[PDB]
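Here we start with a single chain on its own, the form deposited in one PDB entry, put down as structure tokens.
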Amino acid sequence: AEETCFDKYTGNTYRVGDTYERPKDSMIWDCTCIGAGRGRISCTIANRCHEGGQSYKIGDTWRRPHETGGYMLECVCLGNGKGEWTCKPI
């Protein structure tokens, strides 16, 4: 029988090597089923930004008012292993 990993957040089982997203609270984790006889799962946010209660992949963009409210910004998730982002007026 094929070995699996169980994810308590998605509520699903996965097979070894399977990759998936795990929503937990305001964040989305990139997870991989390893197994190792104990359903070992490795998850990472190293490649994501988490800002304004949303989750972004590298290069994803979002729109945000400038602090003054007079104009809209576009922000991009750069990541840099550190969840970094920047914005410019558009």
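Numbering starts at 1 and follows the sequence shown. Between two forms, the rigid core is the largest collection of C-alphas that superpose within 1.5 Å.
From this point on, the text means the form deposited with a partner chain bound, which you will not see here.
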Exercise for the section: Could you confirm whether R63 comes within 4.5 Å of the partner chain in the deposited bound form, counting heavy atoms only? Expected result: no
Exercise for the section: Look up in the deposited bound form whether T10 has a non-hydrogen atom within 4.5 angstroms of the partner chain, and give yes or no. Expected result: no
Exercise for the section: Align both forms on the core first, then report whether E74 has a C-alpha shift of 2 Å or more between the shown form and the other one. Expected result: yes
